[PDB]
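As structure tokens, the structure follows; a few thoughts come after it.
Derivation of every value follows stated rules applied to the coordinates shown; laboratory data play no part. Because the Cβ atoms are built from the backbone with ideal geometry, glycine has one as well, and the counts that use them run over all protein chains shown.
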Amino acid sequence: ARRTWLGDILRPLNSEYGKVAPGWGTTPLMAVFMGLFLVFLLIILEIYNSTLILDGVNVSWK
Amino acid sequence: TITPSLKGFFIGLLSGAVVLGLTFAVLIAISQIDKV
Amino acid sequence: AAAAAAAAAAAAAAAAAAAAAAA
Amino acid sequence: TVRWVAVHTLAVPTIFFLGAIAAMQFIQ
Amino acid sequence: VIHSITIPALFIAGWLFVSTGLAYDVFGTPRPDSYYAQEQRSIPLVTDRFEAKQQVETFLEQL
Amino acid sequence: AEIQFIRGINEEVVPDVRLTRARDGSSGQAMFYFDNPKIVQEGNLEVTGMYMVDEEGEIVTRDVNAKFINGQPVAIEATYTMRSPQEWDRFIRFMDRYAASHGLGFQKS
Amino acid sequence: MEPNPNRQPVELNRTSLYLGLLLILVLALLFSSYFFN
Amino acid sequence: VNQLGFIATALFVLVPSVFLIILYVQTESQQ
Amino acid sequence: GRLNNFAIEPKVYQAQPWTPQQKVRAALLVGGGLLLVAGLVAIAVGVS
Amino acid sequence: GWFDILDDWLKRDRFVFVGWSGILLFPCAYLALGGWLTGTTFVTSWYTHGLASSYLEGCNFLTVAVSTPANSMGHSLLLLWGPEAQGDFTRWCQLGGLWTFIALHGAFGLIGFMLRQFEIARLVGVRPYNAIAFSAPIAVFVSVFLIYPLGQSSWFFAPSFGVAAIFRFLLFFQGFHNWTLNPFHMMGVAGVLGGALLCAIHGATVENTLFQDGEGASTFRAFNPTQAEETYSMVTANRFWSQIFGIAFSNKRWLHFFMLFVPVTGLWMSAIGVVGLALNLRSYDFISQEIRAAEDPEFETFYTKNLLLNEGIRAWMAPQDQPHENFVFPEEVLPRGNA
Amino acid sequence: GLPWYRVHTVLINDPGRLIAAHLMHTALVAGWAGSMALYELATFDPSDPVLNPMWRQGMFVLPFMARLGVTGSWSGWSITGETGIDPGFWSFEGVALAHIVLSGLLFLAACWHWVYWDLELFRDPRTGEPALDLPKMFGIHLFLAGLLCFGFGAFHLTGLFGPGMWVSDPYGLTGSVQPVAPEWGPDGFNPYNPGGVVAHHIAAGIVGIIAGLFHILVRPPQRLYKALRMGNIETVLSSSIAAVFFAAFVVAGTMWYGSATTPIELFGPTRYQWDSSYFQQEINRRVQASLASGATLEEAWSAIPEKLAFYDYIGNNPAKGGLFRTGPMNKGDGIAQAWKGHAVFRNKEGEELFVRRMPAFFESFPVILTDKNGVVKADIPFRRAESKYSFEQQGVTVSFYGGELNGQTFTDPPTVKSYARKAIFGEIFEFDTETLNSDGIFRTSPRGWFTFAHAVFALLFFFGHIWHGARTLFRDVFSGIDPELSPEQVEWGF
Amino acid sequence: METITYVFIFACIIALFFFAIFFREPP
Ligand code: CLA
Ligand code: CLA
Ligand code: CLA
Ligand code: CLA
Ligand SMILES: CCCCCCCCCCCCCCCC(=O)O[C@H](COC(=O)CCCCCCCCCCCC)CO[C@@H]1O[C@@H](CO)[C@H](O)[C@H](O)[C@@H]1O
Ligand SMILES: CCCCCCCCCCCCCCCC(=O)O[C@H](COC(=O)CCCCCCCCCCCC)CO[C@@H]1O[C@@H](CO)[C@H](O)[C@H](O)[C@@H]1O
Ligand SMILES: CC1=C(/C=C/C(C)=C/C=C/C(C)=C/C=C/C=C(C)/C=C/C=C(C)/C=C/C2=C(C)CCCC2(C)C)C(C)(C)CCC1
Ligand SMILES: CC1=C(/C=C/C(C)=C/C=C/C(C)=C/C=C/C=C(C)/C=C/C=C(C)/C=C/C2=C(C)CCCC2(C)C)C(C)(C)CCC1
Ligand SMILES: CCCCCCCCCCCCO[C@@H]1O[C@H](CO)[C@@H](O[C@H]2O[C@H](CO)[C@@H](O)[C@H](O)[C@H]2O)[C@H](O)[C@H]1O
Ligand SMILES: [Fe+2]
């Protein structure tokens, strides 16, 4: 193999190839953040569809 | 302010969250009972 | 008015180096 | 708790709807 | 195994839903005498979006 | 100390087994070769996998495909993988309990 | 040194050639009218 | 009437067929 | 006869408790990133 | 304790399988089918379309439909708590919100059914080719019931979940879109017709070239996921069709990949055509044929005869199928063949 | 041994030749962008932005340059049309030659990465196999994407270092590239507010930097590492195809319904501006507000600009097109020259008649003239039908207020029939049918071609996601070799 | 030129039918 300069500079980043956290890790944090993104995507869709009309938000070209 | 549309969105979000929590709570309790 | 962004570069550019090194 | 819901979620509005449809023929 | 608690009370529950005239009120279906108003040959199509509920209950006072 | 195809019924034909191991003593399956088993003849039931009953629980092998010649099934070849040593020692224990009771060679290469 | 041992060969037998030529020819017979308009 | 519509039909005929023909006469040489 | 090609996945091993070497680099990651985002909200104020 | 007990309860053996996919499938599928049954039994179409389309109004099985919402609703989701109905179930049933109920539930029930196919194949340990073949009805449902009204004016121009409403939808696409002349449609017709033709020929020749006809018929043990493919001979069928048609399969794998391949591709190309027809980007006319029709008025093909029939479908079906436009066509402007 | 549909899969096990193929694909995309910009720079007519804008000429790549700030070329014109400016280097030609030399540099790097494929960066030091650290790679790529998102939003679109973006009025009359301030509040989720786009790239850049630092420091849990099959390269391709078909459906939606990022001065009007009669209400409101201040009908209708009446024509909305009707709209009905005026129709007693307009769902529409109430007074019969309400029995004339024909009244019935046949299309315009050899058949906008192409591409990428997620999760049955066993296996015997 | 493109594609289809029936690939 070739031991280039950028191979030695960018090595610590390709070093843990299958290193996993044990157990469930941060999956409940990921689940509540996915629920927050789902509520966010819903709000944005119901603003564009105008099925959630807000004070000062006029969804048109005005 | 709170619009009727925003308040109805809150009603729909709480009823969806309820149905989604109630289905998983019933399934978790039924799975914990029939634990073989 | 107030130099908010002017001095923000210093606190935003020095932070980049921290990551780069510790990387 | 068992597959007894198959009769409680598919036979109850079926018998209700056949009662409605059998009532529907004696109109006008 | 055997199950005969209430089969035919559901049939009368379905019969009294239609025969009394409850299904027209629950599902909003108009009565066969109550399609048009007493003077006009117009169909009450909803023309608005956020006034549509008030449009339908504005039409239902013509009957 | 038995092998089942249909939970309740047992396989009374001894399979030709070819155990395999990784060099790191971590993973390795076992290619089974049932030569004319009793499940192949009649039965008319439905196999839901190879069930390997024991006294320390059970090992299920879903990879179970039968070989046919001219419309007739003649041989059922299954393969079970290990992927962990805690299932490897369970399979070697279920193998020692099977080769004690039915009679098998263990001709190690 | 090593010439990247991965270069597996490409097969395309004659019955694959016939099927692909049938696909391209009937797609051109279908879409020729719309390309000519 | 398209003048360049005939080129589209010729490029639709020729270009995948040249790929399949090169792939076949290149696989008969060493498969 | 037709061949295929699949991916060779690396071996799954659990993450060990760290050392000073990697702990101080995780600290110089987090303490770098917090003052980085603290500068970015100041640029976000200065452009609004 | 938390998760593996629920995972082992769902993947357990039962009368029906209900995996992790069943929690998405069975409420959505049950509510879509139930909303269709309670819409064709009770819910009218009078305030949206101006029609009577329920069993309560005296219709048969062919003329009931849970019709689309009104054109003034636009592409609104029509939630029960939404700003249009505002909790009123009567006004939600009258404004056409049952259509959006059935459509969104049919979408998430189809999602849950294809996840169920992936889950059962991940259990049995097979390759999930059934979930790849189910990508075609999902693409047809998404291109027709979702993408086509979302590219049009509103949800009003959509199939209205009936039998005769589906026949109106076919006549609407003939009249307003010239959808038979679309090449993507023609690939859809050819995929479906070749699939049915492949279905009949394959059934006819497995039932003919059986290994044991009846005379020394030792009934061997049959397993169901082989779909009875031990019982016939490949060599006799290849010898038959090489002499009858001049071309025949010699693989049991490529033949069945061809049976997977043909109507899924057919159905995927018609999905591409309906996605183009959402933006009215249809294949209506050949331009040089219009120039040759304008050059001399004694030129007539079957295509120029079809354009006058589409003109007739448009101008005669248009005041009743689109009553929000308020079309007043006099008898003098309506196209007649004796004019 | 590989079939034709599997020849690209030799790059699965070598991270450097995959870099070479990705670098070539990017060299191809940048070369198309430069070439498309050069071909559109050749065949462009920047001599009339009022009635011949870039959405009328079929310019597709031109508006995505002009949307972010590229106004003006080296030849000495502008998109706004001032015919002398100094834009600097960043013209249309400047960014075209920039993408051309970028395509050449990425091709040279693709050639280097294809020749020098085997490096130490792609191998582990323990085993001999090539392995990539994907859970980390997503962190460095998300940190870079969030850094460039925050940089582009907080420095470009605010105009603190850059031009702005394209901002216009509600009717597309006065619109140029101006710096726009970020909108914090609920008005930033209005899609037609340009401040929400800036506020969006500031906020999503900060959240992307935070999450990229989260992955660069936190390893994945074991449960979803084995569940989502990480360490395989194909789950990354699965979920990336999912995100990219979600994104293609979102851009087809915001192209078709319109937003602040797809304005009508660059891409053309929408079909919902015809379906609601959006510009006709503004034209009528402007005529009535002129009529209230002591004006005639000629002075009220003559003050309306030709661009606002050009948005009120059915040949400009993108739902009047064809799939194989190719090219620009100026092949479709000719180059527009001047607004004729407002056609006003009478009925020989003095009653004003109104032409019933053609809706988009009709390839041909009958000419029907109504009253204010909707009673049909006159029409044109079909071919040779008994004409009761015909233009000669009813005595229909036509008057033209404003525009080219000012105050000209036409009484002879074929000319009134021709003007009513044109007046079913909206406002009537003068069209140069020659010099492009234009047919009479309407074409569609770049709005319609963008929405068509990326709804089709998003639908096909859904099938690509199904196939790749099925190939990822079912690897051991599609191959025959379980992925969690080491391939250097021996045998035992039994 | 317009007709002969259709006749050329149809004639290549018939020639492919002849090469597919009689010059078929042996097993
Ligand atoms: C104050 C902070 C702020 C503000 C003002 C905005 C403002 C905006 N964001 Mg951004 N956002 C932010 C923070 C913010 N964002 C943060 C912190 C994140 C997380 C990183 C995001 C992530 C995000 C996403 C993922 C999206 C936005 C979008 C938007 C826009 C919504 C308007 C629109 O056109 O939607 C139009 C889009 C929708 C209404 C979403 C549709 C959702 C679909 C229906 C889901 C199902 C799709 C699936 C494939 C099936 C389709 C089936 C179909 C074929 C029938 C607007 C510019 C949207 C955008 O890009 O618009 C162009 C968008 O999709 N944002
Ligand atoms: C997202 C892609 C995209 C979009 C939306 C556009 C949009 C536009 N282009 Mg650009 N263009 C593109 C990519 C695109 N282009 C590419 C990749 C090139 C290089 C070839 C060009 C080169 C180009 C030129 C040279 C010109 C345009 C012009 C135009 C305009 C007219 C388009 C038209 O008539 O299409 C017509 C579209 C069709 C007829 C649809 C084609 C459908 C195909 C053939 C279907 C194939 C079916 C398939 C074979 C079936 C397989 C079945 C199998 C799986 C079983 C419009 C603004 C014209 C213009 O006005 O420029 C100023 C113009 O002259 N473009
Ligand atoms: C980022 C997107 C992306 C990427 C990187 C891949 C990559 C891969 N695919 Mg997937 N796929 C995708 C999206 C993608 N696909 C989409 C959208 C679909 C539905 C259309 C598919 C459906 C699919 C199937 C059904 C298969 C793959 C297979 C493969 C593998 C071998 C590909 C090959 O050798 O083709 C070689 C291709 C050719 C020699 C010629 C193809 C010519 C096409 C049909 C027409 C010309 C296209 C034109 C040049 C490109 C412009 C593209 C642009 C407009 C999008 C490879 C890992 C194969 C597999 O899994 O191997 C094990 C496989 O069987 N793909
Ligand atoms: C027919 C639809 C369909 C099917 C069968 C699959 C199947 C698969 N997906 Mg894909 N996916 C889909 C659509 C689908 N997907 C859509 C639309 C997206 C968003 C872009 C994704 C995004 C996605 C990602 C990012 C990944 C997958 C993966 C997978 C694989 C594992 C299962 C999984 O993660 O499910 C996902 C679960 C679902 C699709 C069910 C969603 C149910 C939602 C939450 C209901 C929401 C109700 C809603 C709130 C009601 C409001 C409606 C509103 C209009 C009012 C499998 C191949 C994974 C994989 O490839 O691993 C190798 C993977 O990483 N999916
Ligand atoms: C004018 C418009 C015309 C439109 C086209 C109409 C013709 C359609 C015919 C059917 C298409 C192919 C279906 C079988 C697919 C297949 O795969 O058949 C293959 C032969 O294909 C082929 O040779 C492709 C060429 C098809 C020639 C058709 C001649 C028809 C006879 C006309 C005269 C009758 C007296 C051979 O089988 C397979 O071939 C190989 C495929 O990988 C493998 O070896 C398989 O195991 C298997 O043997
Ligand atoms: C290497 C392999 C090559 C194989 C060739 C296969 C070609 C297949 C496509 C043929 C297109 C039509 C060609 C004949 C007419 C013509 O020539 O249209 C051209 C536009 O094409 C184009 O803009 C090509 C780009 C099309 C993008 C539109 C979206 C496509 C999304 C993909 C969806 C897939 C389902 C140019 O238009 C012409 O040029 C105009 C002047 O610039 C004039 O108006 C002319 O009258 C004429 O319209
Ligand atoms: C909508 C909605 C909902 C839902 C509901 C439901 C889900 C319901 C269900 C319902 C159902 C679930 C129903 C059922 C029905 C059934 C039926 C209706 C049946 C019928 C049958 C018949 C009629 C039969 C016939 C026959 C045949 C087939 C042949 C032979 C002869 C005879 C006659 C026997 C809710 C409230 C939640 C919410 C709101 C919305
Ligand atoms: C070497 C070099 C150079 C150069 C470079 C160049 C010059 C480049 C170019 C490049 C280019 C020039 C590129 C191009 C590209 C293109 C493309 C890439 C295209 C594609 C296309 C497509 C893909 C299409 C498809 C299709 C069709 C066919 C039609 C219809 C539609 C569709 C889509 C289907 C220089 C000197 C600077 C320097 C450095 C080095
Ligand atoms: C057993 C089957 C026997 C079938 C017999 C016919 C098979 C071969 C037919 C090939 C078609 C060639 O037919 C020939 O086409 C050219 C067009 O290129 C026609 O030419 C026609 O169109 C051209 C445009 O190109 C005009 O300039 C010309 O004025 C007009 O007559 C000829 O009038 C016709 O003779
Ligand atoms: Fe079969």
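Here's the yes/no breakdown for (1) surrounded by 14 or more Cβ atoms within 10 Å (Cβ to Cβ); (2) in contact with a strand residue (DSSP E or B) (Cβ under 9 Å, 6 or more places away or on another chain):
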position	(1), (2)
K:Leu2	yes, yes
K:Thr26	yes, no
K:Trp32	no, no
K:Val61	yes, no
K:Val95	yes, no
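The helices (runs of 4 or more DSSP H) found entirely in segment K:48-166 that carry 3 or more residues being within 14 Å of another protein chain (Cβ to nearest Cβ) and either within 30 Å of A:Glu16 (Cβ to Cβ) or in contact (Cβ under 8 Å) with a residue 12 or more places away in the chain (or both) are K:92-115, K:134-151. The set of residues in segment J:285-339 that are of a type in the set (S, T, N, Q), exposed (fewer than 14 other Cβ atoms within 10 Å of the Cβ) and at the interface with chain K (Cβ under 9 Å from one of its Cβ atoms) comprises J:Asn326, J:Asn338. The set of residues in segment K:478-489 that are surrounded by 16 or more Cβ atoms within 10 Å (Cβ to Cβ) and either of a type in the set (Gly, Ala, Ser) or more than 8 Å from chain F (Cβ to nearest Cβ) (or both) comprises K:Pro483, K:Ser486. The number of residues in segment J:291-308 being free of Cβ contacts under 8 Å to residues at least 12 places away in the same chain and under 33 Å from the mean Cα position of the chain (by Cα) comes to 2.
For segment J:185-214, filtered to residues that are within 12 Å of J:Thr236 (Cβ to Cβ) and not hydrophobic (A, V, I, L, M, F, W, C), the residue that is farthest from ligand 2 (Cβ to nearest atom) is J:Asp213. Take the conditions (1) in contact with an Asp or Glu (Cβ under 8 Å, 6 or more places away or on another chain); (2) over 30 Å from J:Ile147 (Cα atoms); (3) hydroxyl-bearing (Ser, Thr, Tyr); K:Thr409 misses just one of them, which is (1).
Here the condition is being part of a helix (DSSP H, G or I) and within 29 Å of the chain's Cα centre (by Cα); of J:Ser270, J:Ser283, J:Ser288, it holds for J:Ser270 alone. Looking at segment E:30-47, which of the residues that are in contact with a helix residue (DSSP H, G or I) (Cβ under 6 Å, 6 or more places away or on another chain) and not hydrophobic (A, V, I, L, M, F, W, C) is farthest from J:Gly39 (Cα to Cα)? In this case the residue turns out to be E:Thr47. Among the conditions (1) within 20 Å of J:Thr40 (Cβ to Cβ); (2) away from chain D (no Cβ under 14 Å), the only one that E:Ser19 does not satisfy is (2). Restricting segment K:419-453 to residues that are more than 19 Å from K:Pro328 (Cα to Cα) and not in a loop (DSSP other than H, G, I, E, B), the residue that is nearest to ligand 4 (Cβ to nearest atom) is K:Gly426.
Residues checked against (1) farther than 29 Å from K:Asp169 by Cα; (2) more than 30 Å from the chain's Cα centre (by Cα); (3) part of a helix (DSSP H, G or I):
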{"site": "K:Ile304", "(1), (2), (3)": "no, no, no"}
{"site": "K:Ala309", "(1), (2), (3)": "no, no, yes"}
{"site": "K:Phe324", "(1), (2), (3)": "yes, no, no"}
{"site": "K:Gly341", "(1), (2), (3)": "no, yes, no"}
{"site": "K:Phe345", "(1), (2), (3)": "yes, yes, no"}
{"site": "K:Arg357", "(1), (2), (3)": "no, no, no"}
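State yes or no: is K:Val244 on the phi < 0 side of the Ramachandran plot, within 16 Å of ligand 2 (Cβ to nearest atom), not in a loop (DSSP other than H, G, I, E, B) and not acidic (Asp, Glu)? Judged against the criteria, K:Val244 is a match.
Take the conditions part of a loop (DSSP other than H, G, I, E, B), surrounded by 13 or more Cβ atoms within 10 Å (Cβ to Cβ) and under 19 Å from the mean Cα position of the chain (by Cα) and apply them to J:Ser250. Does it pass? Considered against the rule, which asks whether it is part of a loop (DSSP other than H, G, I, E, B), surrounded by 13 or more Cβ atoms within 10 Å (Cβ to Cβ) and under 19 Å from the mean Cα position of the chain (by Cα), J:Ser250 comes out as no. With a requirement of 2 or more residues that are closer than 27 Å to E:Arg41 by Cα, over 27 Å from the mean Cα position of the chain (by Cα) and away from ligand 2 (no atom under 16 Å from the Cβ), the helices (runs of 4 or more DSSP H) lying completely within segment J:1-100 that satisfy it span J:89-94.
Of all residues in segment I:10-46, those satisfying the criterion of being part of a loop (DSSP other than H, G, I, E, B) and either at the interface with chain C (Cβ under 7 Å from one of its Cβ atoms) or surrounded by fewer than 19 Cβ atoms within 10 Å (Cβ to Cβ) (or both) are I:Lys11, I:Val12, I:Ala15, I:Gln16, I:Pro17, I:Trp18, I:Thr19. Kindly establish whether J:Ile132 is more than 12 Å from ligand 4 (Cβ to nearest atom) and of a type in the set (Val, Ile, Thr). When the stated conditions are applied, J:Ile132 does not pass them. Here J:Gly162 clears all of (1) under 15 Å from the mean Cα position of the chain (by Cα); (2) without any contact (Cβ under 8 Å) to a residue 24 or more places away in the chain; (3) surrounded by 13 or more Cβ atoms within 10 Å (Cβ to Cβ) except the condition numbered (2). Under the condition of being under 17 Å from the mean Cα position of the chain (by Cα) and closer than 19 Å to K:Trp32 by Cβ, the residues counted in segment K:56-92 number 12.
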